[PDB]
């Protein structure tokens, strides 16, 4: 099975600033990596798929990058609606389609 390890576990930042969070896979997942944002008490929202493609309606201040086993989500110019937990998930070759443990972003 693939294990996804997300880092940092949590971070606090201010509106207008930049943060980078990461997702490390235990094996090559060939860019089949999706990123979701979840606000407290709400449903997850797809942000990025295939490691770098923004989902419909996601603003360009989000950018996904990476390959092999190492992936990054960068949020420029943080906005208040950007708090919540971010999760990664892989879809390469065989289930389980495991999730990373989540990163909790708090807007300071």
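Residue numbers count along the first chain shown, from 1.
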Task: Entry-level comparison of average CA B-factors, 29 to 37 and 65 to 73, reporting the higher stretch - done: 65 to 73
Task: Stretch with the higher entry mean CA B-factor, where the candidates are 16 to 24 and 85 to 93 - done: 16 to 24
Open item on the list: Is residue 46 in the lowest, middle or highest third of its chain when residues are ranked by C-alpha B-factor?
Closed with: lowest
- [ ] Divide the modelled residues of the chain into thirds by Cα B-factor and specify which third, lowest, middle or highest, holds residue 105.
- [x] lowest
